[PDB]
Amino acid sequence: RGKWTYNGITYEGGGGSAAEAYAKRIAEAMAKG
(Lines give C-alpha, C1' and ligand atoms only; values in the text may rest on other atoms or scores of the structure.)
Protein backbone atom coordinates (compact mmCIF):
# COMPACT_ATOMS: atom_id res chain seq x y z
CA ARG A 1 0.00 0.00 0.00
CA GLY A 2 1.95 2.95 -1.35
CA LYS A 3 5.36 2.68 -2.97
CA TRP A 4 8.24 2.90 -0.53
CA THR A 5 11.79 4.18 -0.86
CA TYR A 6 14.75 1.91 -0.22
CA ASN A 7 17.61 3.39 -2.20
CA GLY A 8 15.96 6.28 -4.01
CA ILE A 9 13.96 3.73 -5.96
CA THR A 10 10.17 3.62 -5.84
CA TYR A 11 9.12 0.01 -5.42
CA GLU A 12 5.77 -1.40 -6.49
CA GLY A 13 3.55 -4.28 -5.43
CA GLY A 14 1.43 -3.16 -2.51
CA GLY A 15 3.92 -3.41 0.33
CA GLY A 16 7.04 -5.31 1.32
CA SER A 17 6.66 -7.80 4.15
CA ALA A 18 9.43 -9.36 6.21
CA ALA A 19 7.79 -12.71 6.81
CA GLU A 20 7.22 -12.97 3.08
CA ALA A 21 10.98 -13.39 2.96
CA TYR A 22 10.36 -17.13 2.88
CA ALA A 23 7.40 -16.68 0.58
CA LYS A 24 9.37 -14.88 -2.11
CA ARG A 25 11.64 -17.90 -1.98
CA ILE A 26 8.83 -20.44 -2.07
CA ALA A 27 7.83 -18.52 -5.18
CA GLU A 28 10.03 -21.07 -6.90
CA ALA A 29 8.87 -24.20 -5.10
CA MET A 30 5.40 -23.19 -6.20
CA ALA A 31 6.35 -23.44 -9.86
CA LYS A 32 6.67 -26.95 -11.24
CA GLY A 33 6.74 -28.88 -14.49
# chains A, B, ... in the order shown; residues from 1 in each chain; ligands from 1
>>> select_by_dssp(residues="chain A", states="alpha helix (DSSP H)", output="list in words")
residues 20, 21, 22, 23, 24, 25, 26, 27, 28, 29 and 30 of chain A
>>> residues_around(residues="residue 1 in chain A", least_positions_apart="5", cutoff="8 Å", atoms="only C-alpha atoms", output="list in words")
residues 13, 14 and 15 of chain A
>>> residues_around(residues="residue 12 in chain A", least_positions_apart="5", cutoff="8 Å", atoms="only C-alpha atoms", output="number ranges by chain")
A: 2-4
>>> atom_distance(atom1="CA of residue 16 in chain A", atom2="CA of residue 29 in chain A")
20.0 Å
